[PDB]
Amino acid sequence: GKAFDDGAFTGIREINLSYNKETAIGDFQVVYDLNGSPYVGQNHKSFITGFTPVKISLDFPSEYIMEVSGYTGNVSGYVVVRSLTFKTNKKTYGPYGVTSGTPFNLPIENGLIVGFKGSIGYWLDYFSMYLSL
């Protein structure tokens, strides 16, 4: 898939992703906070369409992500991120996608997610996160 790297920012304001309850996660785009100002990240899109869009608006700066979990699995022979869930200090968003395969979760005692990077072909191949104090 096509790789992407948004880099790091001051925080996260909104997350826009899409999925298919039969395959995996599709598009991914984030609206970060850049020193108090909204910064619209580049929209990373799937090579195909047919996904269901989902918008996750966070109550910045009082609401922030505390944990990220999901499933990675096999789809058409490719290992991809099939499901994703974002738990903040105020609410839980998801799961989105197919909750099948091998689970993974990232709880954060101290710190913030300040950036995303990954790859997207037909689906989200993989992703990593930037952590900061």
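Note that residue numbering begins at 1 and tracks the sequence as displayed.
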According to the deposited model, is the average Cα temperature factor higher in 56-64 or in 103-111?
56-64
Can you tell me whether 13-21 has a higher mean C-alpha B factor than 121-129 in this record, or the other way round?
13-21
Which one of 85, 46, 29, 88 shows the biggest C-alpha B-factor in the PDB entry?
46
Cα B factor band for residue 50 (lowest, middle or highest third within the chain):
highest
Where the record places residue 72 (Cα B-factor, split into thirds across the chain)
middle
Divide the modelled residues of the chain into thirds by Cα B-factor and specify which third, lowest, middle or highest, holds residue 98.
highest
